[PDB]
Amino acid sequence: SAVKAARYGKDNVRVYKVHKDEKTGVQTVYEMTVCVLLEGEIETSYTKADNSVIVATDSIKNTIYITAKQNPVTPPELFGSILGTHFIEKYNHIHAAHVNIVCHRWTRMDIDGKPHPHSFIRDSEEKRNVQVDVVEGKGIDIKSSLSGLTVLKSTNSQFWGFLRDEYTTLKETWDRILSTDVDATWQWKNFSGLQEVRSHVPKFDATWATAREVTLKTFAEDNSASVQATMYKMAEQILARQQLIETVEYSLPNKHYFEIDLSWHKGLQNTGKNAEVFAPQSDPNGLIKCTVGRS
């Protein structure tokens, strides 16, 4: 036998950073969970008990904190690029660094109608993420995403005209609830290195904002023919509004809300146009995916 693939590092590194404005007194906080996995000429640590090739995962942890101290942690695309570049430049035998960052929300509080200088609220478990792959000789590959964006619309969702055969019991509908947890990823053009990533820094926050806005507006406004049709409209718009993105991926659960027939009880009408009370279904769920690129 032989090693065909190997990567290792530190997962679940929680990181907080505060920025304190000298002039205004305004403080801004950032909180992340970071994973860094390394590849390189490390197979002998597996096959020969050769630990000399291992940058200790504990050291990778130290390096995450040191890099956060000495560099911006925002946008996460930049921080991940800096972090990944460090490992492949510092260690001759390390040839790839894979950096995953989950950003947690700390939204500035409004108190009596005014923004507070140092108090924050976790307004939802929605995350902003990056996957940054820094590979020697292949530049920097960045996937940006938002996830855990949970939404519901109470009407203007339809699903009819699907295939019907002997396995089919689902009734066609022209008015249903649609609810999902949005997981949306945009994949950037390859960057040649840190200089090029830095040259595009404003685009990262801007494109995240675009992706989120397009998602919410399209969800709210599309009289949806299916999850498939709606998610495609989101993707196509995002591609049209940032040329440095090559693809957009959506993964959407269809979190079903079932009508409840109550007519067995005193002829109570609670279906169709009379449907008011529904049973949210924890499982199973439709799962719909696509990757959209340029034609």
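Only the largest set of C-alpha atoms that superpose within 1.5 Å between the two forms is called the rigid core. Heads up: residue numbers just count along the shown sequence, starting at 1.
Note on 22-30 and 56-64: with rigid core alignment, C-alpha atoms in 8 other deposited structures of this protein sit farther from this form for 22-30. Legend: mean Cα B-factor per stretch from the PDB entry, 98-106 versus 166-174; the higher mean is in 166-174. The mean Cα B-factor in the deposited entry runs higher for 201-209 than for the other of 178-186 and 201-209.
Considering 254, 63, 27, 251 together, the PDB entry gives 27 the largest C-alpha B factor. Sorting the modelled residues of the chain by their CA temperature factor places residue 217 in the middle third.
Annotation for residue 246: C-alpha temperature factor in the highest third relative to the rest of the modelled chain, per the entry. Looking at the C-alpha B-factors along this chain, the one for residue 135 belongs to the highest third. Among the modelled residues of the chain, residue 148 sits in the lowest third by CA temperature factor in this PDB entry. Remark: residue 161 belongs to the middle third of its chain, ranked by C-alpha B-factor as recorded.
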